[PDB]
Each structure stands twice: as structure tokens, then as C-alpha cells.
There are 2 protein chains.
Amino acid sequence: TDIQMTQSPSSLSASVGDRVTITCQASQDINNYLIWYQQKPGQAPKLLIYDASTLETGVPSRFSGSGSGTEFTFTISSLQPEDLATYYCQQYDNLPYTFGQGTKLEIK
Amino acid sequence: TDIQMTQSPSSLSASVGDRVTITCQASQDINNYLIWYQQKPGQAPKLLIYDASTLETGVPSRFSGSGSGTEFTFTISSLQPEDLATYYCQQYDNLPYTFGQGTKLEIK
């Protein structure tokens, strides 16, 4: 009865230059009130994308958000060595704001 | 103009039964639009307090939030071993929402 965010995958390993794709299903429609964060190890989440597809100022072109309704996607189109992190989607349509369980990226 | 949140401390040690105290400062008045999260290792942040001081469903009474406008405080009255976590403030007055840098809590 709060909103449940279903993020996939739980983890992934990929090489530098790879296209990384992450999905978030929302348990009910949220319009596009969804944010994507990046949590570098030992740091706070940092907002990359809001409104499901809007890049924050000074966020690199390789990050993008697709979707609206209940299915959303996050892409890093070419993965850089500084992109090692856990990425989270999050709805802000209604309090409480709920996070997907996250996608932990490792680099080879 | 984005809002910057200064969270302190960055890490502490305290013992079972101790008062733990954490502060968040906002660069601008943000009214009471302040969330406290708990992030257990491996897991997403989970929202404890919103609107500066309202506790979410089944957040224990030892936790509390106070403050308004700029200076905010998160207190655990008597520390319990299930509070092993990193706690974050986040402002939600204005997009982009911004996180404090977090307080990682260890027990002796």
C-alpha cells in the first residue's frame, strides 16, 4: 500500500565501454516521478536522472533514463571506469519515497 | 540554485545503550522537507522519518528527528545492535533532491 519498486538486475559485471541496462517496475502508476541515483562505494547516492528521463546538470551524456507509467529503464551507453557503483531507482510520486533494491555494478 | 546538505558525523563508534547524535544542515531554508534514511549493508536506503520528524511505519521509538528550516538533528536514544547502518538525510523541498554525505555507525 506504499509503492514497491522492482529493480533488475540485483548485480552485474561488465567491461569498460559496455552498454549497461537496468530496469525498474513500479507496483502502481507513478507518472514519471522517478529518480535514478548512483551510489559510489562509501558515498551518498547522487542524483543522475529525475522525471524518469531528465539529466541533472553536469551529468555526462552516457547516462540516460527511459520510461513512464510502471516500467522504467536506465542506461550507461558506454561504461567508464568511474561508473563503478550501485545504481538505484526511486519513486517520488507519494510518501514514503521507495527505492528499488539496487543494481550493483562491478567492472572487469 | 541547488541545495547542499552538510551531514555530520561521517562515522562514529558508540556502545549498546548510547545516545547517538547526527546533524544535517541545509544551505537554504527547506521548511521541514527533510527525510532520514537507514541503509543496512547490501540494501537500499529505507525511509525512517519524513517532514523532519514524522516516523514511518514500524520505525522504533528510539529514533527521532527534530529541527526546521536549516539545522536538523537525528537522534537514537539508546543504541541497539540492529541499528548497525549508514544514515542519510535528504532534502525534498526542491528538485534535484540532495543527500547528506551519510553517517556510518559502528558498534564497539
Side-chain angles (χ1 to χ4, degrees), chain A residues 1-11 22 24-26 30-59 63 65 74 85-106, chain B residues 1-11 22-26 31-59 63 65 74 85-106:
Chain A
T1 319
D2 311 332
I3 302 142
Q4 194 161 333
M5 302 307 305
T6 307
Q7 194 170 343
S8 192
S10 139
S11 43
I22 288 175
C24 239
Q25 190 185 251
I30 61 172
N31 256 61
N32 42 71
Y33 296 125
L34 191 130
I35 284 155
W36 288 98
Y37 299 97
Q38 164 194 56
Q39 201 180 20
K40 291 195 167 148
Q43 291 170 24
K46 174 196 190 24
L47 181 160
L48 301 190
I49 305 204
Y50 57 112
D51 215 76
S53 64
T54 301
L55 268 76
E56 196 36 39
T57 318
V59 170
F63 302 105
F74 174 78
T86 298
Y87 293 85
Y88 295 100
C89 73
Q90 185 205 47
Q91 73 81 20
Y92 58 104
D93 178 71
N94 249 257
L95 294 172
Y97 301 158
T98 36
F99 279 71
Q101 291 151 295
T103 301
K104 185 175 190 180
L105 200 20
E106 287 118 320
Chain B
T1 151
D2 296 2
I3 296 140
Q4 10 277 310
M5 306 311 286
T6 309
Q7 193 170 336
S8 188
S10 310
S11 71
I22 294 168
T23 58
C24 187
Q25 205 187 56
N31 310 281
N32 278 335
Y33 290 116
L34 205 275
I35 291 174
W36 289 103
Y37 296 93
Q38 189 192 56
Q39 196 183 19
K40 312 292 195 89
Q43 283 188 15
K46 284 173 196 179
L47 150 14
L48 300 181
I49 309 284
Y50 53 91
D51 185 55
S53 66
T54 315
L55 266 69
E56 244 317 292
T57 324
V59 168
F63 297 181
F74 175 81
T86 303
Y87 299 76
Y88 293 97
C89 59
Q90 181 192 46
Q91 68 92 20
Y92 65 111
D93 181 45
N94 169 69
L95 282 154
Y97 292 160
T98 42
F99 267 77
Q101 307 82 350
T103 308
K104 192 202 176 90
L105 231 152
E106 305 195 343

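Order of the sequence lines fixes the chain letters, A, B, ..., with proteins taken first and strands second; residue numbering starts at 1 for each chain. As a basis for the values below, the full set of heavy atoms in this structure was taken, side chains included, without hydrogen atoms, waters or symmetry mates.
- Each of B:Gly100, B:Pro45, B:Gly102 has some count of heavy-atom pairs under 4.5 Å with chain A, and the biggest count is that of B:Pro45.
- Neither the backbone nor the side chain of A:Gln7 comes within contact range of chain B; no heavy atom of the residue lies under 4.5 Å from a heavy atom of that chain.
- No more than 12 heavy atoms of other residues, nucleotides or ligands lie within 6.0 Å of CD in A:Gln101, so this atom counts as exposed by the packing criterion.
- In this structure, the portion of B:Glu56 lying under 4.5 Å from any heavy atom of chain A is its side chain and not its backbone.
- The environment of A:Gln4 atom CD is sparse: at most 12 non-hydrogen atoms of other residues, nucleotides or ligands sit within 6.0 angstrom.
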Which donor-acceptor pairs under 3.5 Å do side chains of residues 89-96 of chain A form with protein atoms, sequence neighbours excluded?
| residue | atom | partner | partner atom | Å |
| --- | --- | --- | --- | --- |
| A:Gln90 | OE1 | A:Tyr37 | OH | 2.9 |
| A:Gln90 | NE2 | B:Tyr37 | OH | 3.2 |
| A:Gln91 | OE1 | A:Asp93 | N | 2.7 |
| A:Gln91 | OE1 | A:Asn94 | N | 3.1 |
| A:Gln91 | NE2 | A:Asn94 | O | 2.9 |
| A:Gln91 | NE2 | A:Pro96 | O | 2.8 |
| A:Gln91 | NE2 | A:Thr98 | OG1 | 3.1 |
| A:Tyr92 | OH | A:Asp51 | N | 3.1 |

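- Atom CG of B:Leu47 sits about 9.0 Å away from atom OH of A:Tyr97, to the nearest 0.5 Å.
- A perpendicular orientation is assigned to the rings of A:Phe99 and B:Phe99, their planes being inclined by more than 60° (bins at 30° and 60°).
- Nearest heavy-atom pair across A:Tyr88 and B:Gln39 is OH-NE2, 2.9 Å.
- Of the two parts of A:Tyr50, only the side chain, counted from C-beta on, holds a non-hydrogen atom closer than 4.5 Å to a non-hydrogen atom of chain B.
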